[PDB]
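To start, the structure under review is shown below, and the notes come after it.
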Amino acid sequence: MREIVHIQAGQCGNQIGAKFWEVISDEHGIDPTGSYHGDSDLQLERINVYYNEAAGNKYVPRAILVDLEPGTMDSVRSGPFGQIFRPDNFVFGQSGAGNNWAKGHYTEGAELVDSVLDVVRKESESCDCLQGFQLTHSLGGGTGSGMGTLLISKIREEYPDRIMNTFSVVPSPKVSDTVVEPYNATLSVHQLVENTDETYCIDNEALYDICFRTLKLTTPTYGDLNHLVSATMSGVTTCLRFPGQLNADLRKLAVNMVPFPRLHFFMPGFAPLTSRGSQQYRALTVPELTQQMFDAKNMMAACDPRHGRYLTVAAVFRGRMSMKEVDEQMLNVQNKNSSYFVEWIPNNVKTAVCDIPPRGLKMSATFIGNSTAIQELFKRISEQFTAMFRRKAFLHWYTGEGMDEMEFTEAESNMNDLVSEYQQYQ
Amino acid sequence: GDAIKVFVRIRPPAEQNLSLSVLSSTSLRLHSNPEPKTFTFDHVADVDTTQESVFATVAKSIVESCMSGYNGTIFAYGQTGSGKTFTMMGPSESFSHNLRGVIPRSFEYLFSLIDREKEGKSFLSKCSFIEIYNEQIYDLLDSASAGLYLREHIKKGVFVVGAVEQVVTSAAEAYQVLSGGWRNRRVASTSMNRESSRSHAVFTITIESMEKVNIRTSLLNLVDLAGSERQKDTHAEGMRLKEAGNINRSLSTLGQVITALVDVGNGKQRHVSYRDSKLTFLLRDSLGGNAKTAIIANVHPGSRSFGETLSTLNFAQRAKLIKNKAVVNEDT
Amino acid sequence: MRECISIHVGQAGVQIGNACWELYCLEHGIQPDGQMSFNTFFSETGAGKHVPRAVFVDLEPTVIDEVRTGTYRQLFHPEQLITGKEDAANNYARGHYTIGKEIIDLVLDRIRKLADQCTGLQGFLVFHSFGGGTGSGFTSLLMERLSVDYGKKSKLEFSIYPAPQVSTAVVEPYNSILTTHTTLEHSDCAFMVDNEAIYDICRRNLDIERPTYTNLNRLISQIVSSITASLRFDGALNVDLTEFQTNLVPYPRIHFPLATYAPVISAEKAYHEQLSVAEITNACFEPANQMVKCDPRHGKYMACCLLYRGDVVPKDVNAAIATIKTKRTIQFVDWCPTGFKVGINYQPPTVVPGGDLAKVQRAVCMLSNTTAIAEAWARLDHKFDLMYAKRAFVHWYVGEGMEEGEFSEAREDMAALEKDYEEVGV
Ligand SMILES: */O=C(/[N][C]([C]([O])C(=O)O[C]1[C][C@@]2([O])[C](OC(=O)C3=[C][C]=[C][C]=[C]3)[C]3[C@]4(OC([C])=O)[C]O[C]4[C][C]([O])[C@@]3([C])C(=O)[C](OC([C])=O)C(=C1[C])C2([C])[C])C1=[C][C]=[C][C]=[C]1)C1=[C][C]=[C][C]=[C]1
Ligand SMILES: Nc1nc2c(ncn2[C@@H]2O[C@H](COP(=O)(O)OP(=O)(O)OP(=O)(O)O)[C@@H](O)[C@H]2O)c(=O)[nH]1
Ligand SMILES: Nc1ncnc2c1ncn2[C@@H]1O[C@H](COP(=O)(O)OP(=O)(O)NP(=O)(O)O)[C@@H](O)[C@H]1O
Ligand SMILES: Nc1nc2c(ncn2[C@@H]2O[C@H](COP(=O)(O)OP(=O)(O)O)[C@@H](O)[C@H]2O)c(=O)[nH]1
Ligand SMILES: [Mg+2]
Ligand SMILES: [Mg+2]
């Protein structure tokens, strides 16, 4: 039961998703030919959650690849795990998106969306029991932002009782990557607030900082950054696919992380994070892992958690460990840093445990934080957007596709409301 | 500003400890023990009160203010089967004619006043009728419609994009739009009410006058809300239960908005989550904004409804505290 | 004969039940297959096998899937092991209203079938958690249905209480209070522990540095065995489940025993120690050895029952009880002078290989109702108030059929209970 439909939209979403599938395939013993070559029955027990089986022990991701240009998906196909995907699950156009939310949401994306939806429907019909949908996309482009927003809206209209979660790569205010980035991000978030149950917010700046400080990586590749995201994503759903002492459903995780409908933007983190060389000075305790998880250097969103408070924190631990040791350690953390934990919620954290480590580790952990501090990120985007709007800069590209000033104003009002709500529950 | 007007209407039980008593037009007695609780609003009507009486006490003033250029909202709030639809619309084929509720009477009164005003001023009236079903919008004027959404405006109006706006010259023409739409609003059968409303009905009349030029524009919102429902009493299951879940949720956020406003009205800081539900967003101006709002709280006497009646009264009491800032919407 | 029925609901309860059944098998001489008053917990087949008079429920399949592949697997008959589709998601409103009102009927029919084996159906056992989503609402529903059907029959709840300081879920406080609202007016007796106390006991008396779920569950299993053995085995001064109801329920609403099991002694500490009866009794009455966060000095014991096992003499026990009465610190209620029931079984407890405990000739299970537990209730209500003031994590519950006044009514009920406890103490 509880099978998940995977969607990648836009370039960043598609390349991240390729790595995500590579990771999970390795985890479940699936080789690039779609054949299983694992050593444990636990490896196949819940393979249904991400894969469909075909004749000849072939396994196929229930994955949809969407793009408005062909090049990215062609590169995916050429790649090592690209031939595992079922070819009819590539849905793509040829007319470019111009980093333009309007092209993705209104015009060029509107032409392609129905064909995507039909494939979605087939996957849903092939599910014993659909749990939800996982999307990968950027916030600042045209395809991920415009197209992805569109797709999510239509799927929630069709499956309003199911889980809708996104891994969304967001702008980093100190190093912008596109000129219209604030426009694309604000337009996207304006609809993600309404039509998603949880959004995992990654900025590349934080990933670079992680790579430099802890992993001792002078030269990060996008592949390595994608690996980091992929590890988070795998960790999030481990307890749907495996046994545990205390188990976590996706809905239950939402169930523990969302005090108010709108506040579902999480900072993900991971542990352990060290170099190949700074590992022999360390041993692998639950305390050590928790310390590493609550280290600002191991956050994947662009904020100092001390510039705010955690409303709720979910930790998912993998490997054999004493529940009492874990609980006691987290209580100590709460006691010593009580000012960073909102006092409305006794037992500020949720713990989940999965009796199975990821390969080559004895212990691992994934961290999900919902902090008032992340309001600062929204502030920075809102200010960036606002200045350009004051001068109506770059606007003709969007007005030419039918978009109106009032819609933009609405988006800004939504952003400001979000930050106000965080201020209220500071 | 001006505090909202709250009225409590006591429906008659079907043909007997009441647990509710009418102290005076101004006050009521609920019978909770051991210790009493007294509630006072703007006006309380007991079981005998007629439809005409309700119109005179609650609606007539708002219609007049609408003519003067103010926005106005009347909405019925209460537990399932308390009388919200009967009050707003009336019976649905019952006695029928005299039983018609506030909406048809408002049509009649408004058009008579405008006809009287005619004797260089002109009037333009458009109507829209929509339902909020499962946090979704459906157009009662066209069954074909789909993809309706809410949008904020410079007119401060939150409106439904793509809703049919029907121009109406007379009360009779308006009646046709209402009758067709009323059939449209979704109703289902629960143990509590065979006629239970599964959506929140929003009937909107836009009144624009031109004195030639000065332009006065009034939005009149006549809202028949769905009611809070306990599953055990309603025995709602399946789709009926899904509707109940949405009804309770949107009503919960209505309560959240009303409470938050009370905090803010007194020196405090609070955020009103207007956009938590489509209902609260559309009603945003009606609650603390630029509109004269009257709330009719419908209660069933009867010991069984004690808890729900308590809840409705408590909500209404808080609502009374909210102050609105209504101005004439003018143009020169 | 006098014969019983076992129900294990929610992940935690299922886990406990596994351990319990293992213990039972080791005691009566049953294999993993079923091969060889034993019939209180094991109905015979045509030949060879014995079938645990049991029911296993969880809406998470993964829990019972684990059972279905373990060593203890073909002991169970697959009629019993029931599974759902989507889990309870730590949400009373899914366990009671939505997914509960779907499969409860099946479980009831199974229970009826099992009863139609019992000539002397003595009663039930329910294992759950004031803290799981399954165990908070579904359990209540099941109890209600059982009351509707039988009423007169004996009903027990083994309830894992929310630990005042440590907590596990984000909406443990709501769930527990909702369970209290519904279970309180059906289940005549509830035996309760929390994990914090067990952890403490493991640290101090057993010198165990790693506190984990298996050993903890084994401790609870031992208590369960001690409670039962009066039905399962011979002995002067025997006990019935109905006798517990009569003995430990002064007023019909107040029926929340604590538990404790002594000796809790490791392999070394059994030596350098005699283990006398009086000594064991003293240990049972110790503030720290109690299985919940509740100082027994902060109140008065109303009604107490003590279930001695193995090599025991009545006169010694009487002397020990006299000594305890003499002690002025351990206060009793003015109006109940006779606040002891003595239970003695010639069967000594037998401990599971690869576990915490060592052999002890003489052991006790002590079950007590006090005015002191009210503090825990008050703490829980305070927690509930603190998070209900914001009304956070409420949008999970409202969607699956709920009302705002229900919570208020529950809080009123809790207040009334507290008042009753205070009156009792006076
Ligand atoms: O990501 C993949 N797989 C993991 C694990 O199952 C696994 O085997 O991890 C390895 C990964 C290596 O490379 C280290 O990580 C990296 O250097 C890395 C590069 C780019 C992005 C992220 C990480 C590893 C490290 O990362 C992980 C993910 O474990 C970085 O900090 C941790 C701590 C580890 O201790 C470290 C440093 C190692 O050195 C370790 O080596 C040894 C000898 O123990 C390695 C791993 C444990 C490593 C050097 C080989 C996974 C995580 C979560 C979900 C699923 C899988 C993966 C899968 C397929 C192909 C390639 C990688
Ligand atoms: N003794 C013991 N307690 C446990 C165990 N697992 C969970 N608990 C306790 O049970 C509570 C959480 O409830 P769970 O039983 O895990 O939840 P559930 O009944 O499975 O319900 P859902 O998972 O929400 O469907 C917490 O108070 C935990 O401390 C276990 O293995 N042993
Ligand atoms: N004042 C009244 N006099 C006579 N009948 C009434 C009165 N109020 C309500 N009723 C009757 O009660 C039934 C309606 O319940 P209604 O008044 O429609 O409930 P409701 O509030 O709209 N229920 P719900 O839609 O679930 O919130 C109708 O058939 C009415 O005729
Ligand atoms: N992690 C990661 N981020 C990317 C990648 N490619 C682009 N991005 C980020 O995504 C944003 C740009 O959006 P993009 O997806 O390229 O535009 P689109 O193709 O129109 O959807 C910028 O913030 C980039 O830094 C990638 O391969 N990996
Ligand atoms: Mg109605
Ligand atoms: Mg569970």
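In the structure tokens, chains take the letters A, B, ... in the order shown, each chain's residues start at 1, and ligands count up from 1 in the order shown.
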Inset, instruction - Name all residues at most 10 Å from region 185-198 of chain B (count only C-alpha atoms; drop same-chain ones fewer than 5 positions away) and give them as number ranges by chain. - result: B: 79-82, 84-85, 92, 129-134, 138-141, 180, 224-227, 229-237, 239-244, 246-247
Using N, CA and C atoms, can you export the residues from the last selection as a short mmCIF file (atom, residue, chain, number, x, y, z; two decimals), in the first residue's frame?
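As a result, part.cif now contains:
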data_model
loop_
_atom_site.label_atom_id
_atom_site.label_comp_id
_atom_site.auth_asym_id
_atom_site.auth_seq_id
_atom_site.Cartn_x
_atom_site.Cartn_y
_atom_site.Cartn_z
N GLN B 79 -25.99 25.91 13.89
CA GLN B 79 -25.91 24.46 13.79
C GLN B 79 -26.83 23.96 12.67
N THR B 80 -26.55 22.76 12.19
CA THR B 80 -27.36 22.17 11.13
C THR B 80 -28.80 22.05 11.58
N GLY B 81 -29.72 22.44 10.70
CA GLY B 81 -31.14 22.35 10.98
C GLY B 81 -31.65 23.44 11.90
N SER B 82 -30.85 24.47 12.16
CA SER B 82 -31.27 25.54 13.04
C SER B 82 -32.19 26.54 12.36
N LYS B 84 -31.13 28.28 9.14
CA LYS B 84 -30.40 29.26 8.35
C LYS B 84 -31.05 29.45 6.99
N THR B 85 -31.28 28.36 6.26
CA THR B 85 -31.85 28.46 4.93
C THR B 85 -33.28 28.98 4.99
N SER B 92 -38.84 26.60 0.44
CA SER B 92 -38.78 25.70 -0.71
C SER B 92 -40.07 24.90 -0.82
N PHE B 129 -24.73 34.48 -8.07
CA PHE B 129 -25.08 33.48 -7.06
C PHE B 129 -24.11 32.33 -7.20
N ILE B 130 -23.37 32.04 -6.13
CA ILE B 130 -22.33 31.02 -6.14
C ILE B 130 -22.40 30.25 -4.84
N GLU B 131 -21.85 29.04 -4.87
CA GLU B 131 -21.79 28.19 -3.69
C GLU B 131 -20.35 27.79 -3.43
N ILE B 132 -20.02 27.63 -2.16
CA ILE B 132 -18.70 27.18 -1.73
C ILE B 132 -18.86 25.75 -1.27
N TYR B 133 -18.56 24.81 -2.16
CA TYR B 133 -18.73 23.39 -1.89
C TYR B 133 -17.34 22.77 -1.79
N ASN B 134 -17.02 22.23 -0.62
CA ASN B 134 -15.72 21.60 -0.38
C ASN B 134 -14.58 22.54 -0.75
N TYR B 138 -18.69 27.00 -7.14
CA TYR B 138 -19.53 26.59 -8.25
C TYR B 138 -20.51 27.71 -8.54
N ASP B 139 -20.73 27.97 -9.83
CA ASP B 139 -21.62 29.05 -10.22
C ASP B 139 -23.03 28.50 -10.32
N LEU B 140 -23.93 29.08 -9.53
CA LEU B 140 -25.31 28.61 -9.54
C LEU B 140 -26.06 29.13 -10.76
N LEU B 141 -25.56 30.21 -11.36
CA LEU B 141 -26.17 30.77 -12.56
C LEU B 141 -25.79 29.98 -13.81
N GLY B 180 -33.77 29.82 -9.99
CA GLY B 180 -32.90 28.92 -10.72
C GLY B 180 -31.67 28.56 -9.92
N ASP B 224 -26.06 32.43 3.05
CA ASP B 224 -26.66 31.33 3.80
C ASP B 224 -25.57 30.29 3.99
N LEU B 225 -24.95 30.30 5.17
CA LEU B 225 -23.87 29.39 5.48
C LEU B 225 -24.41 27.99 5.73
N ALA B 226 -23.55 27.00 5.49
CA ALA B 226 -23.84 25.65 5.94
C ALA B 226 -23.62 25.59 7.45
N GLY B 227 -24.10 24.53 8.08
CA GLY B 227 -24.04 24.51 9.53
C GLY B 227 -23.08 23.49 10.10
N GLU B 229 -21.83 20.41 12.05
CA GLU B 229 -22.51 19.13 12.16
C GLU B 229 -21.65 18.15 12.92
N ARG B 230 -22.25 17.48 13.90
CA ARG B 230 -21.62 16.35 14.53
C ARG B 230 -21.97 15.12 13.72
N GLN B 231 -20.97 14.30 13.42
CA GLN B 231 -21.20 13.12 12.60
C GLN B 231 -22.16 12.16 13.28
N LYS B 232 -22.04 12.02 14.61
CA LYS B 232 -22.88 11.08 15.34
C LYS B 232 -24.36 11.40 15.16
N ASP B 233 -24.71 12.69 15.21
CA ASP B 233 -26.11 13.07 15.02
C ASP B 233 -26.51 12.99 13.56
N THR B 234 -25.66 13.51 12.66
CA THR B 234 -26.03 13.57 11.25
C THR B 234 -26.00 12.19 10.60
N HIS B 235 -25.14 11.29 11.09
CA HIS B 235 -24.91 9.99 10.47
C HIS B 235 -24.38 10.17 9.06
N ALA B 236 -23.74 11.31 8.81
CA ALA B 236 -23.15 11.57 7.52
C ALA B 236 -22.01 10.60 7.28
N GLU B 237 -21.98 10.02 6.09
CA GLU B 237 -20.94 9.09 5.72
C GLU B 237 -20.67 9.28 4.24
N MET B 239 -19.70 10.73 0.86
CA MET B 239 -19.63 12.08 0.32
C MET B 239 -20.28 13.08 1.27
N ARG B 240 -21.36 12.68 1.93
CA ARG B 240 -22.00 13.56 2.90
C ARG B 240 -21.02 13.93 4.00
N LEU B 241 -20.23 12.95 4.45
CA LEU B 241 -19.24 13.19 5.49
C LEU B 241 -18.12 14.09 4.98
N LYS B 242 -17.69 13.89 3.73
CA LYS B 242 -16.65 14.75 3.18
C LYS B 242 -17.13 16.20 3.17
N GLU B 243 -18.39 16.39 2.79
CA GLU B 243 -18.96 17.73 2.81
C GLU B 243 -18.97 18.28 4.23
N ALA B 244 -19.35 17.45 5.20
CA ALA B 244 -19.37 17.91 6.59
C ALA B 244 -17.98 18.32 7.05
N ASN B 246 -15.56 19.57 5.29
CA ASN B 246 -15.26 20.88 4.73
C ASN B 246 -16.08 21.97 5.41
N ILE B 247 -17.35 21.68 5.71
CA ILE B 247 -18.21 22.68 6.33
C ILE B 247 -17.66 23.06 7.69
#
Inset, instruction - Using only C-alpha atoms, select each residue of chain C with any atom at most 6 Å away from an atom of chain B, and give the selection as a list in words. - result: residues 398, 399, 400 and 401 of chain C
For the residues selected in the previous step, produce a file with N, CA and C atoms as a CSV table (one decimal), in the first residue's frame.
chain,number,residue,atom,x,y,z
C,398,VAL,N,-10.0,18.5,12.3
C,398,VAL,CA,-11.3,19.1,11.8
C,398,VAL,C,-11.7,18.4,10.5
C,399,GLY,N,-10.8,18.0,9.7
C,399,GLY,CA,-11.1,17.5,8.3
C,399,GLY,C,-11.8,16.1,8.4
C,400,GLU,N,-11.6,15.3,9.4
C,400,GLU,CA,-12.1,14.0,9.5
C,400,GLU,C,-13.3,13.9,10.6
C,401,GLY,N,-14.1,14.9,10.6
C,401,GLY,CA,-15.3,14.9,11.4
C,401,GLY,C,-15.1,15.2,12.9
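Each residue with an atom within 6 Å of any atom of ligand 6 appears in the list, which was built counting only C-alpha atoms and all ligand atoms: residues 10, 11 and 60 of chain C.
From CA of residue 388 (chain C) back to CA of residue 426 (chain A), the distance works out to 17.1 Å.
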Taking only C-alpha atoms and all ligand atoms and a cut-off of 8 Å, can you tell me which residues surround ligand 1, written as a PDB file with N, CA and C atoms, in the first residue's frame?
ATOM      1  N   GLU A  22      18.670   7.295  -9.041  1.00  0.00           N
ATOM      2  CA  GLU A  22      19.926   6.552  -8.953  1.00  0.00           C
ATOM      3  C   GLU A  22      20.193   6.087  -7.524  1.00  0.00           C
ATOM      4  N   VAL A  23      20.043   7.012  -6.575  1.00  0.00           N
ATOM      5  CA  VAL A  23      20.226   6.722  -5.156  1.00  0.00           C
ATOM      6  C   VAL A  23      19.281   5.614  -4.718  1.00  0.00           C
ATOM      7  N   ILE A  24      18.000   5.775  -5.038  1.00  0.00           N
ATOM      8  CA  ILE A  24      17.004   4.857  -4.505  1.00  0.00           C
ATOM      9  C   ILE A  24      17.144   3.492  -5.148  1.00  0.00           C
ATOM     10  N   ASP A  26      19.955   2.163  -6.116  1.00  0.00           N
ATOM     11  CA  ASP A  26      21.040   1.519  -5.381  1.00  0.00           C
ATOM     12  C   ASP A  26      20.545   0.987  -4.044  1.00  0.00           C
ATOM     13  N   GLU A  27      19.768   1.810  -3.330  1.00  0.00           N
ATOM     14  CA  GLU A  27      19.219   1.439  -2.028  1.00  0.00           C
ATOM     15  C   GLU A  27      18.425   0.141  -2.103  1.00  0.00           C
ATOM     16  N   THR A 214      32.293  21.114   5.922  1.00  0.00           N
ATOM     17  CA  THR A 214      32.300  19.776   6.501  1.00  0.00           C
ATOM     18  C   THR A 214      32.891  18.731   5.563  1.00  0.00           C
ATOM     19  N   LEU A 215      32.427  18.689   4.319  1.00  0.00           N
ATOM     20  CA  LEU A 215      32.907  17.682   3.385  1.00  0.00           C
ATOM     21  C   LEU A 215      34.305  17.983   2.869  1.00  0.00           C
ATOM     22  N   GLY A 223      26.437  17.449  -9.418  1.00  0.00           N
ATOM     23  CA  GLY A 223      26.121  16.075  -9.076  1.00  0.00           C
ATOM     24  C   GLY A 223      26.205  15.821  -7.585  1.00  0.00           C
ATOM     25  N   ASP A 224      27.241  16.358  -6.933  1.00  0.00           N
ATOM     26  CA  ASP A 224      27.364  16.155  -5.493  1.00  0.00           C
ATOM     27  C   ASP A 224      26.271  16.899  -4.724  1.00  0.00           C
ATOM     28  N   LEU A 225      25.946  18.126  -5.141  1.00  0.00           N
ATOM     29  CA  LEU A 225      24.851  18.847  -4.495  1.00  0.00           C
ATOM     30  C   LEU A 225      23.538  18.079  -4.638  1.00  0.00           C
ATOM     31  N   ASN A 226      23.309  17.519  -5.827  1.00  0.00           N
ATOM     32  CA  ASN A 226      22.106  16.736  -6.057  1.00  0.00           C
ATOM     33  C   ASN A 226      22.091  15.498  -5.172  1.00  0.00           C
ATOM     34  N   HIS A 227      23.257  14.860  -4.975  1.00  0.00           N
ATOM     35  CA  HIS A 227      23.378  13.731  -4.044  1.00  0.00           C
ATOM     36  C   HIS A 227      22.903  14.115  -2.656  1.00  0.00           C
ATOM     37  N   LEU A 228      23.324  15.289  -2.182  1.00  0.00           N
ATOM     38  CA  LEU A 228      22.900  15.755  -0.859  1.00  0.00           C
ATOM     39  C   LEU A 228      21.375  15.844  -0.768  1.00  0.00           C
ATOM     40  N   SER A 230      19.226  14.330  -2.674  1.00  0.00           N
ATOM     41  CA  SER A 230      18.702  12.985  -2.864  1.00  0.00           C
ATOM     42  C   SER A 230      18.703  12.213  -1.561  1.00  0.00           C
ATOM     43  N   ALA A 231      19.783  12.346  -0.791  1.00  0.00           N
ATOM     44  CA  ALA A 231      19.870  11.683   0.502  1.00  0.00           C
ATOM     45  C   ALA A 231      18.762  12.156   1.427  1.00  0.00           C
ATOM     46  N   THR A 232      18.512  13.474   1.456  1.00  0.00           N
ATOM     47  CA  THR A 232      17.387  13.987   2.248  1.00  0.00           C
ATOM     48  C   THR A 232      16.074  13.345   1.818  1.00  0.00           C
ATOM     49  N   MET A 233      15.842  13.321   0.504  1.00  0.00           N
ATOM     50  CA  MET A 233      14.576  12.843  -0.041  1.00  0.00           C
ATOM     51  C   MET A 233      14.353  11.379   0.310  1.00  0.00           C
ATOM     52  N   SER A 234      15.390  10.560   0.119  1.00  0.00           N
ATOM     53  CA  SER A 234      15.341   9.146   0.483  1.00  0.00           C
ATOM     54  C   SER A 234      15.006   8.978   1.957  1.00  0.00           C
ATOM     55  N   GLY A 235      15.688   9.757   2.803  1.00  0.00           N
ATOM     56  CA  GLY A 235      15.457   9.672   4.229  1.00  0.00           C
ATOM     57  C   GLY A 235      14.020   9.968   4.601  1.00  0.00           C
ATOM     58  N   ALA A 271      22.745  13.928   8.499  1.00  0.00           N
ATOM     59  CA  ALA A 271      23.898  13.526   9.288  1.00  0.00           C
ATOM     60  C   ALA A 271      24.154  12.039   9.100  1.00  0.00           C
ATOM     61  N   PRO A 272      25.423  11.606   9.061  1.00  0.00           N
ATOM     62  CA  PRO A 272      26.649  12.405   9.222  1.00  0.00           C
ATOM     63  C   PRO A 272      27.149  13.125   7.959  1.00  0.00           C
ATOM     64  N   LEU A 273      27.863  14.218   8.169  1.00  0.00           N
ATOM     65  CA  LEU A 273      28.404  15.022   7.087  1.00  0.00           C
ATOM     66  C   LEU A 273      29.829  15.339   7.501  1.00  0.00           C
ATOM     67  N   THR A 274      30.783  14.546   7.011  1.00  0.00           N
ATOM     68  CA  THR A 274      32.209  14.793   7.220  1.00  0.00           C
ATOM     69  C   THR A 274      32.980  14.467   5.934  1.00  0.00           C
ATOM     70  N   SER A 275      34.291  14.727   5.943  1.00  0.00           N
ATOM     71  CA  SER A 275      35.154  14.411   4.811  1.00  0.00           C
ATOM     72  C   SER A 275      35.644  12.966   4.865  1.00  0.00           C
ATOM     73  N   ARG A 276      36.468  12.589   3.884  1.00  0.00           N
ATOM     74  CA  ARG A 276      37.199  11.321   3.917  1.00  0.00           C
ATOM     75  C   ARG A 276      38.564  11.584   4.523  1.00  0.00           C
ATOM     76  N   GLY A 277      38.602  11.602   5.842  1.00  0.00           N
ATOM     77  CA  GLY A 277      39.792  12.018   6.551  1.00  0.00           C
ATOM     78  C   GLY A 277      39.470  12.581   7.923  1.00  0.00           C
ATOM     79  N   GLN A 279      36.810  11.622   9.502  1.00  0.00           N
ATOM     80  CA  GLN A 279      35.908  10.619  10.056  1.00  0.00           C
ATOM     81  C   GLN A 279      36.556   9.763  11.147  1.00  0.00           C
ATOM     82  N   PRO A 357      19.965   0.782   8.111  1.00  0.00           N
ATOM     83  CA  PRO A 357      20.833   1.897   7.737  1.00  0.00           C
ATOM     84  C   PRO A 357      20.966   1.999   6.230  1.00  0.00           C
ATOM     85  N   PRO A 358      21.310   3.178   5.706  1.00  0.00           N
ATOM     86  CA  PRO A 358      21.695   3.273   4.290  1.00  0.00           C
ATOM     87  C   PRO A 358      23.108   2.749   4.080  1.00  0.00           C
ATOM     88  N   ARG A 359      23.336   2.116   2.921  1.00  0.00           N
ATOM     89  CA  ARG A 359      24.496   1.251   2.696  1.00  0.00           C
ATOM     90  C   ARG A 359      25.833   1.890   3.054  1.00  0.00           C
ATOM     91  N   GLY A 360      26.652   1.190   3.861  1.00  0.00           N
ATOM     92  CA  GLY A 360      27.992   1.649   4.215  1.00  0.00           C
ATOM     93  C   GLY A 360      28.063   2.557   5.423  1.00  0.00           C
ATOM     94  N   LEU A 361      26.919   2.819   6.062  1.00  0.00           N
ATOM     95  CA  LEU A 361      26.819   3.508   7.340  1.00  0.00           C
ATOM     96  C   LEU A 361      26.188   2.581   8.372  1.00  0.00           C
ATOM     97  N   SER A 364      22.476   6.818  10.490  1.00  0.00           N
ATOM     98  CA  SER A 364      22.269   8.045   9.737  1.00  0.00           C
ATOM     99  C   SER A 364      21.043   8.738  10.304  1.00  0.00           C
TER     100      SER A 364
END
Inset, instruction - Considering only C-alpha atoms, extract the chain B residues located within 12 Å of chain A and return them as a VMD selection string. - result: chain B and resid 134 to 136 146 to 147 150 to 156 158 242 245 to 246 249 253 256 260 268 to 278
Inset, instruction - Please identify every polymer residue within 8 Å of ligand 2, using only C-alpha atoms and all ligand atoms, and present the set as JSON, numbers by chain. - result: {"A": [245, 246, 247, 248, 249, 252], "C": [9, 10, 11, 12, 13, 15, 16, 58, 59, 60, 87, 88, 89, 90, 91, 95, 128, 129, 130, 131, 132, 133, 134, 135, 136, 160, 161, 162, 163, 167, 168, 169, 172, 194, 195, 213, 214, 216, 217, 220]}
Using 7 Å as the limit and counting only C-alpha atoms, can you tabulate each residue of chain A that touches chain C, with its shortest atom-to-atom distance in Å and the two atoms involved, as CSV?
residue,atom,partner,partner_atom,distance
A:1,CA,C:85,CA,6.1
A:2,CA,C:86,CA,6.7
A:243,CA,C:62,CA,6.2
A:249,CA,C:89,CA,6.6
A:251,CA,C:89,CA,6.0
A:252,CA,C:89,CA,4.4
A:255,CA,C:396,CA,6.7
A:256,CA,C:170,CA,5.3
A:258,CA,C:393,CA,6.2
A:259,CA,C:393,CA,3.9
A:260,CA,C:392,CA,6.1
A:261,CA,C:395,CA,6.8
A:322,CA,C:212,CA,4.4
A:323,CA,C:212,CA,5.0
A:324,CA,C:211,CA,4.7
A:325,CA,C:211,CA,6.2
A:327,CA,C:166,CA,6.9
A:331,CA,C:166,CA,6.6
A:344,CA,C:387,CA,5.3
A:345,CA,C:387,CA,6.1
A:346,CA,C:383,CA,6.7
A:347,CA,C:167,CA,4.9
A:349,CA,C:170,CA,7.0
A:350,CA,C:169,CA,5.2
A:351,CA,C:168,CA,6.3
